[PDB]
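**Q** Quick one, structure28.cif (mmCIF, C-alpha atoms):
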data_coords
#
loop_
_atom_site.group_PDB
_atom_site.id
_atom_site.type_symbol
_atom_site.label_atom_id
_atom_site.label_comp_id
_atom_site.auth_asym_id
_atom_site.auth_seq_id
_atom_site.Cartn_x
_atom_site.Cartn_y
_atom_site.Cartn_z
ATOM 1 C CA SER A 1 81.203 113.976 83.576
ATOM 2 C CA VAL A 2 82.022 117.673 83.891
ATOM 3 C CA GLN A 3 83.387 117.397 87.434
ATOM 4 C CA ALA A 4 85.746 114.495 86.718
ATOM 5 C CA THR A 5 86.898 116.290 83.571
ATOM 6 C CA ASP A 6 87.465 119.627 85.311
ATOM 7 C CA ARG A 7 89.154 118.010 88.304
ATOM 8 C CA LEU A 8 91.510 116.177 85.943
ATOM 9 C CA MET A 9 92.382 119.367 84.062
ATOM 10 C CA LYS A 10 93.114 121.102 87.359
ATOM 11 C CA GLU A 11 95.563 118.342 88.311
ATOM 12 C CA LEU A 12 97.546 118.424 85.067
ATOM 13 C CA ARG A 13 97.690 122.220 85.306
ATOM 14 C CA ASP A 14 99.091 121.823 88.813
ATOM 15 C CA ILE A 15 101.686 119.273 87.735
ATOM 16 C CA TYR A 16 102.775 121.691 84.998
ATOM 17 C CA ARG A 17 103.525 124.473 87.497
ATOM 18 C CA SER A 18 105.121 122.238 90.134
ATOM 19 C CA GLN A 19 108.842 122.445 90.869
ATOM 20 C CA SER A 20 108.720 118.646 90.778
ATOM 21 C CA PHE A 21 107.808 118.705 87.084
ATOM 22 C CA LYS A 22 110.012 121.722 86.337
ATOM 23 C CA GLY A 23 113.037 119.996 87.838
ATOM 24 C CA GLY A 24 112.657 117.115 85.409
ATOM 25 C CA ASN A 25 111.596 114.601 88.056
ATOM 26 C CA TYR A 26 108.983 113.194 85.678
ATOM 27 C CA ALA A 27 106.695 113.887 82.723
ATOM 28 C CA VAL A 28 103.006 113.581 81.874
ATOM 29 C CA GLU A 29 101.823 112.429 78.456
ATOM 30 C CA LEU A 30 98.128 112.193 77.565
ATOM 31 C CA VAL A 31 98.339 108.964 75.561
ATOM 32 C CA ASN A 32 96.156 109.449 72.470
ATOM 33 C CA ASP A 33 95.320 112.997 73.590
ATOM 34 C CA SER A 34 93.148 111.259 76.186
ATOM 35 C CA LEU A 35 92.490 113.347 79.283
ATOM 36 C CA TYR A 36 91.670 110.071 81.042
ATOM 37 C CA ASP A 37 94.837 108.167 80.135
ATOM 38 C CA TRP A 38 98.186 109.441 81.415
ATOM 39 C CA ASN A 39 101.686 108.190 80.753
ATOM 40 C CA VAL A 40 103.710 109.416 83.716
ATOM 41 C CA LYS A 41 107.410 108.654 83.341
ATOM 42 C CA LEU A 42 109.707 109.140 86.328
ATOM 43 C CA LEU A 43 112.848 110.812 84.986
ATOM 44 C CA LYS A 44 114.618 111.694 88.239
ATOM 45 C CA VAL A 45 114.175 108.711 90.532
ATOM 46 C CA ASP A 46 120.895 107.936 96.003
ATOM 47 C CA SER A 47 119.276 104.503 95.896
ATOM 48 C CA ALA A 48 119.853 101.131 94.223
ATOM 49 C CA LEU A 49 117.098 101.803 91.684
ATOM 50 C CA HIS A 50 118.688 105.184 91.003
ATOM 51 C CA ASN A 51 121.692 103.055 90.077
ATOM 52 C CA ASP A 52 119.908 100.625 87.752
ATOM 53 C CA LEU A 53 118.555 103.559 85.729
ATOM 54 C CA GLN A 54 122.038 104.881 84.980
ATOM 55 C CA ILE A 55 122.992 101.690 83.158
ATOM 56 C CA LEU A 56 119.469 101.592 81.738
ATOM 57 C CA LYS A 57 119.834 104.579 79.425
ATOM 58 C CA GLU A 58 122.957 103.084 77.864
ATOM 59 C CA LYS A 59 122.431 99.316 77.601
ATOM 60 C CA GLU A 60 118.755 99.253 76.610
ATOM 61 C CA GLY A 61 116.488 102.153 75.660
ATOM 62 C CA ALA A 62 116.173 105.256 77.828
ATOM 63 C CA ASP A 63 116.236 106.023 81.552
ATOM 64 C CA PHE A 64 112.828 106.235 83.232
ATOM 65 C CA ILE A 65 110.089 104.263 84.967
ATOM 66 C CA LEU A 66 106.978 104.477 82.808
ATOM 67 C CA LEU A 67 103.708 104.613 84.738
ATOM 68 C CA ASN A 68 100.170 104.473 83.369
ATOM 69 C CA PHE A 69 97.293 106.274 85.087
ATOM 70 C CA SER A 70 93.766 105.214 84.122
ATOM 71 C CA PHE A 71 91.069 107.561 85.406
ATOM 72 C CA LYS A 72 87.984 105.698 84.189
ATOM 73 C CA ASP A 73 87.200 103.835 87.420
ATOM 74 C CA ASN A 74 85.159 106.446 89.296
ATOM 75 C CA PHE A 75 88.015 108.851 90.076
ATOM 76 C CA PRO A 76 88.193 110.810 92.318
ATOM 77 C CA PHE A 77 85.666 108.637 94.182
ATOM 78 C CA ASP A 78 87.929 105.635 93.596
ATOM 79 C CA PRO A 79 91.736 105.666 93.182
ATOM 80 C CA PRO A 80 93.305 105.958 89.716
ATOM 81 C CA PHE A 81 94.384 102.624 88.273
ATOM 82 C CA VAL A 82 98.161 102.912 88.217
ATOM 83 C CA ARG A 83 100.538 100.344 86.765
ATOM 84 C CA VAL A 84 104.176 100.038 85.739
ATOM 85 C CA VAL A 85 104.607 99.853 81.972
ATOM 86 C CA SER A 86 108.403 99.540 82.057
ATOM 87 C CA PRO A 87 110.975 98.543 82.868
ATOM 88 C CA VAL A 88 110.334 95.205 84.578
ATOM 89 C CA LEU A 89 111.051 95.584 88.298
ATOM 90 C CA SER A 90 111.738 93.472 91.382
ATOM 91 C CA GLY A 91 110.396 94.635 94.738
ATOM 92 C CA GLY A 92 109.337 98.252 95.145
ATOM 93 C CA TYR A 93 105.904 96.858 95.986
ATOM 94 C CA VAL A 94 105.369 96.016 92.316
ATOM 95 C CA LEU A 95 103.039 93.064 91.734
ATOM 96 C CA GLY A 96 103.019 90.590 88.859
ATOM 97 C CA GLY A 97 102.103 92.431 85.680
ATOM 98 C CA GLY A 98 102.995 95.912 86.869
ATOM 99 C CA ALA A 99 100.301 96.636 89.446
ATOM 100 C CA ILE A 100 101.362 98.407 92.640
ATOM 101 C CA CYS A 101 100.759 97.108 96.157
ATOM 102 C CA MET A 102 100.427 100.645 97.497
ATOM 103 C CA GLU A 103 98.299 102.022 100.344
ATOM 104 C CA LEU A 104 96.677 105.102 98.806
ATOM 105 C CA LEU A 105 95.838 103.071 95.689
ATOM 106 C CA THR A 106 93.314 101.108 97.737
ATOM 107 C CA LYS A 107 89.686 101.862 98.570
ATOM 108 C CA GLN A 108 90.824 102.239 102.185
ATOM 109 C CA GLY A 109 93.762 104.622 101.835
ATOM 110 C CA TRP A 110 92.686 106.916 99.007
ATOM 111 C CA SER A 111 91.263 110.423 99.413
ATOM 112 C CA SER A 112 89.604 112.712 96.881
ATOM 113 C CA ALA A 113 91.830 115.375 98.424
ATOM 114 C CA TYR A 114 95.074 113.661 97.402
ATOM 115 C CA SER A 115 96.686 115.240 94.349
ATOM 116 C CA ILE A 116 97.896 113.321 91.311
ATOM 117 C CA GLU A 117 101.066 115.349 91.813
ATOM 118 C CA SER A 118 101.399 113.560 95.149
ATOM 119 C CA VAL A 119 100.372 110.009 94.215
ATOM 120 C CA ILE A 120 103.120 110.121 91.584
ATOM 121 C CA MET A 121 105.689 111.044 94.230
ATOM 122 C CA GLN A 122 104.331 108.448 96.651
ATOM 123 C CA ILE A 123 104.876 105.905 93.880
ATOM 124 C CA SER A 124 108.392 107.215 93.285
ATOM 125 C CA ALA A 125 108.896 106.804 97.029
ATOM 126 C CA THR A 126 107.157 103.452 97.511
ATOM 127 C CA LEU A 127 109.359 102.069 94.738
ATOM 128 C CA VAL A 128 112.480 103.276 96.550
ATOM 129 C CA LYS A 129 111.355 102.270 100.049
ATOM 130 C CA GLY A 130 110.688 98.783 98.701
ATOM 131 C CA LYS A 131 114.215 98.782 97.270
ATOM 132 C CA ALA A 132 113.013 98.267 93.696
ATOM 133 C CA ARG A 133 115.459 96.959 91.100
ATOM 134 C CA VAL A 134 115.409 96.668 87.310
ATOM 135 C CA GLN A 135 114.982 93.088 86.103
ATOM 136 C CA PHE A 136 117.385 93.503 83.179
ATOM 137 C CA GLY A 137 116.376 90.086 81.845
ATOM 138 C CA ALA A 138 112.628 90.100 81.223
ATOM 139 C CA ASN A 139 111.064 91.797 78.203
ATOM 140 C CA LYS A 140 108.455 94.547 78.607
ATOM 141 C CA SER A 141 105.752 92.065 77.569
ATOM 142 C CA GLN A 142 106.048 90.881 81.174
ATOM 143 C CA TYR A 143 104.105 94.005 82.141
ATOM 144 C CA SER A 144 100.653 94.311 80.586
ATOM 145 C CA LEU A 145 97.412 95.993 81.617
ATOM 146 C CA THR A 146 95.931 92.503 81.437
ATOM 147 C CA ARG A 147 98.485 91.134 83.896
ATOM 148 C CA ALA A 148 98.073 94.241 86.060
ATOM 149 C CA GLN A 149 94.288 93.994 86.368
ATOM 150 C CA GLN A 150 93.943 90.350 87.413
ATOM 151 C CA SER A 151 96.901 90.873 89.744
ATOM 152 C CA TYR A 152 95.419 93.940 91.433
ATOM 153 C CA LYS A 153 92.198 91.937 91.393
ATOM 154 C CA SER A 154 93.497 89.191 93.685
ATOM 155 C CA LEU A 155 95.099 91.887 95.851
ATOM 156 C CA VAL A 156 91.670 93.196 96.855
#
What does the file become when written as structure tokens?
**A**
Amino acid sequence: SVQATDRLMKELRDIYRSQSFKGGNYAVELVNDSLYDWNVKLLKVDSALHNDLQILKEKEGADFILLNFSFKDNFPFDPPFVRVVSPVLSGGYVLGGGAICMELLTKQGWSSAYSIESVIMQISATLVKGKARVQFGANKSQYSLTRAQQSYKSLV
């Protein structure tokens, strides 16, 4: 589609010129150059989660929550499929597998008007409001697209 493609390009161009993205709050990476597959990592998360990320950079790997946006399911008609790739989290409205129990991500709270710049922030917020914490035990294999789909499935 030309509309879905153009709309998507508009969004990424917005994100690029947003003070949110300039301030290092997150990043956007077109996995495999795909304009329909985004890796949005939250870099700047004053909260308990904000704490767990400090000792995340040091102990194991880097310091960020890695999100995956899939725009194949009829976006912007339907919400983008968003999931948590890593790290493994407790609470923050995160479901088994990495799916998010979030309002706007439903077919009853989403709007074609909403920006991807905003849904990212709402996720960064929902995670904090739900007092999300890093499960420093489980391996990343805990979170898979497979586990996220069937999970989000039951949700609906």
**Q** Evaluate the PyMOL selection byres ((chain A and resi 17-22) around 10) and record the selected residues as a list in words, following the chain and residue labels used in the document.
**A** residues 12, 13, 14, 15, 16, 23, 24, 25, 26, 27, 28, 42, 43, 44, 117, 118 and 121 of chain A
**Q** How would the residues just picked look written out with C-alpha atoms as a compact mmCIF listing (two decimals), keeping the file's coordinate frame?
**A**
# COMPACT_ATOMS: atom_id res chain seq x y z
CA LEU A 12 97.55 118.42 85.07
CA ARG A 13 97.69 122.22 85.31
CA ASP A 14 99.09 121.82 88.81
CA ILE A 15 101.69 119.27 87.74
CA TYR A 16 102.78 121.69 85.00
CA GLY A 23 113.04 120.00 87.84
CA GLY A 24 112.66 117.12 85.41
CA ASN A 25 111.60 114.60 88.06
CA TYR A 26 108.98 113.19 85.68
CA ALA A 27 106.70 113.89 82.72
CA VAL A 28 103.01 113.58 81.87
CA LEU A 42 109.71 109.14 86.33
CA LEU A 43 112.85 110.81 84.99
CA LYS A 44 114.62 111.69 88.24
CA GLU A 117 101.07 115.35 91.81
CA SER A 118 101.40 113.56 95.15
CA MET A 121 105.69 111.04 94.23
**Q** For each of A:135, A:106, A:146, A:34, take the minimum atom-to-atom distance to residue 5 in chain A, counting only C-alpha atoms, then give the residue where this is smallest.
**A**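 Smallest distance to residue 5 in chain A is found for A:34.
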**Q** Would you write out, as a list in words, every residue that the PyMOL selection byres ((chain A and resi 142) around 12) captures in this file?
**A**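 That expression, the PyMOL selection byres ((chain A and resi 142) around 12), corresponds here to residues 84, 85, 86, 87, 88, 89, 90, 95, 96, 97, 98, 99, 135, 136, 137, 138, 139, 140, 141, 143, 144, 145, 146, 147 and 148 of chain A.
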**Q** Could you tell me how far CA of residue 131 in chain A lies from CA of residue 54 in chain A, in Å and to one decimal?
**A**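 Between CA of residue 131 in chain A and CA of residue 54 in chain A the gap works out to 15.8 Å.
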**Q** With distances taken over only C-alpha atoms, which of A:29, A:105, A:155, A:40 is nearest to residue 75 in chain A?
**A**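 Using only C-alpha atoms, residue 75 in chain A sits closest to A:105.
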**Q** Tell me, as a list in words, which residues lie within 10 Å of residue 78 in chain A, counting all atoms listed in the file; anything in the same chain fewer than 5 positions away does not count.
**A**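 Listing them by chain and then by number gives residues 71, 72, 73, 105, 106, 107, 108, 110, 111 and 112 of chain A.
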**Q** Give as a JSON list (two decimals) with C-alpha atoms, keeping the file's coordinate frame the residues that the PyMOL selection byres ((chain A and resi 70) around 7) matches when applied to the coordinates above.
**A**
[["chain", "number", "residue", "atom", "x", "y", "z"],
["A", 36, "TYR", "CA", 91.67, 110.07, 81.04],
["A", 37, "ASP", "CA", 94.84, 108.17, 80.14],
["A", 38, "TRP", "CA", 98.19, 109.44, 81.42],
["A", 68, "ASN", "CA", 100.17, 104.47, 83.37],
["A", 69, "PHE", "CA", 97.29, 106.27, 85.09],
["A", 71, "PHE", "CA", 91.07, 107.56, 85.41],
["A", 72, "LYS", "CA", 87.98, 105.70, 84.19],
["A", 80, "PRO", "CA", 93.30, 105.96, 89.72],
["A", 81, "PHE", "CA", 94.38, 102.62, 88.27],
["A", 82, "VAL", "CA", 98.16, 102.91, 88.22]]
**Q** Measure the distance from CA of residue 122 in chain A to CA of residue 57 in chain A in Å and round it to one decimal.
**A**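 CA of residue 57 in chain A lies at a distance of 23.5 Å from CA of residue 122 in chain A.
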**Q** Rounded to one decimal in Å, what is the spacing between CA of residue 100 in chain A and CA of residue 115 in chain A?
**A** 17.6 Å
**Q** Of the residues A:31, A:48, A:62, A:102, which is the one nearest to residue 134 in chain A, using all atoms listed in the file?
**A**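 Result for the nearest residue to residue 134 in chain A: A:48.
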**Q** For residue 83 in chain A, which of A:130, A:149, A:46, A:6 is the closest residue, counting only C-alpha atoms?
**A**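 With only C-alpha atoms as the atom set, the closest residue is A:149.
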**Q** Need the axis-aligned box for range 1-9 of chain A with 3 Å each side, so what are the centre and edges in Å to one decimal, as JSON?
**A**
{"center_x": 86.8, "center_y": 116.8, "center_z": 85.9, "size_x": 17.2, "size_y": 11.7, "size_z": 10.7}
**Q** With N, CA and C atoms as the goal, would you fill in the gaps in range 82-99 of chain A and present it as a PDB file, keeping the file's coordinate frame?
**A**
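Saved as result_1.pdb:
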ATOM      1  N   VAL A  82      96.778 102.670  88.592  1.00  0.00           N
ATOM      2  CA  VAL A  82      98.161 102.912  88.217  1.00  0.00           C
ATOM      3  C   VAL A  82      98.911 101.601  88.056  1.00  0.00           C
ATOM      4  N   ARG A  83      99.745 101.534  87.026  1.00  0.00           N
ATOM      5  CA  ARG A  83     100.538 100.344  86.765  1.00  0.00           C
ATOM      6  C   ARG A  83     101.894 100.730  86.194  1.00  0.00           C
ATOM      7  N   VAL A  84     102.856  99.823  86.310  1.00  0.00           N
ATOM      8  CA  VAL A  84     104.176 100.038  85.739  1.00  0.00           C
ATOM      9  C   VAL A  84     104.226  99.448  84.335  1.00  0.00           C
ATOM     10  N   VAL A  85     104.510 100.297  83.353  1.00  0.00           N
ATOM     11  CA  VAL A  85     104.607  99.853  81.972  1.00  0.00           C
ATOM     12  C   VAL A  85     106.000  99.296  81.690  1.00  0.00           C
ATOM     13  N   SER A  86     107.016  99.960  82.235  1.00  0.00           N
ATOM     14  CA  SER A  86     108.403  99.540  82.057  1.00  0.00           C
ATOM     15  C   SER A  86     109.335 100.414  82.890  1.00  0.00           C
ATOM     16  N   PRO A  87     110.535  99.901  83.202  1.00  0.00           N
ATOM     17  CA  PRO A  87     110.975  98.543  82.868  1.00  0.00           C
ATOM     18  C   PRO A  87     110.435  97.526  83.865  1.00  0.00           C
ATOM     19  N   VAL A  88     110.716  96.248  83.633  1.00  0.00           N
ATOM     20  CA  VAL A  88     110.334  95.205  84.578  1.00  0.00           C
ATOM     21  C   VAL A  88     111.113  95.402  85.873  1.00  0.00           C
ATOM     22  N   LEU A  89     110.424  95.307  87.007  1.00  0.00           N
ATOM     23  CA  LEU A  89     111.051  95.584  88.298  1.00  0.00           C
ATOM     24  C   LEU A  89     110.891  94.451  89.309  1.00  0.00           C
ATOM     25  N   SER A  90     111.837  94.374  90.241  1.00  0.00           N
ATOM     26  CA  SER A  90     111.738  93.472  91.382  1.00  0.00           C
ATOM     27  C   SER A  90     111.583  94.302  92.651  1.00  0.00           C
ATOM     28  N   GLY A  91     110.666  93.892  93.521  1.00  0.00           N
ATOM     29  CA  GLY A  91     110.396  94.635  94.738  1.00  0.00           C
ATOM     30  C   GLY A  91     109.693  95.949  94.458  1.00  0.00           C
ATOM     31  N   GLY A  92     109.959  96.949  95.293  1.00  0.00           N
ATOM     32  CA  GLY A  92     109.337  98.252  95.145  1.00  0.00           C
ATOM     33  C   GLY A  92     107.827  98.175  95.248  1.00  0.00           C
ATOM     34  N   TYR A  93     107.338  97.078  95.818  1.00  0.00           N
ATOM     35  CA  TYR A  93     105.904  96.858  95.986  1.00  0.00           C
ATOM     36  C   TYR A  93     105.187  96.657  94.654  1.00  0.00           C
ATOM     37  N   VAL A  94     105.945  96.290  93.627  1.00  0.00           N
ATOM     38  CA  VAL A  94     105.369  96.016  92.316  1.00  0.00           C
ATOM     39  C   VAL A  94     104.885  94.570  92.241  1.00  0.00           C
ATOM     40  N   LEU A  95     103.629  94.390  91.846  1.00  0.00           N
ATOM     41  CA  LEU A  95     103.039  93.064  91.734  1.00  0.00           C
ATOM     42  C   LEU A  95     103.209  92.514  90.325  1.00  0.00           C
ATOM     43  N   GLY A  96     102.901  91.233  90.154  1.00  0.00           N
ATOM     44  CA  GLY A  96     103.019  90.590  88.859  1.00  0.00           C
ATOM     45  C   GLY A  96     102.164  91.267  87.807  1.00  0.00           C
ATOM     46  N   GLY A  97     102.811  91.776  86.764  1.00  0.00           N
ATOM     47  CA  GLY A  97     102.103  92.431  85.680  1.00  0.00           C
ATOM     48  C   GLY A  97     102.321  93.930  85.649  1.00  0.00           C
ATOM     49  N   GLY A  98     102.702  94.493  86.791  1.00  0.00           N
ATOM     50  CA  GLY A  98     102.995  95.912  86.869  1.00  0.00           C
ATOM     51  C   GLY A  98     102.101  96.684  87.820  1.00  0.00           C
ATOM     52  N   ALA A  99     101.162  95.995  88.458  1.00  0.00           N
ATOM     53  CA  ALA A  99     100.301  96.636  89.446  1.00  0.00           C
ATOM     54  C   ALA A  99     101.116  96.990  90.686  1.00  0.00           C
TER      55      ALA A  99
END
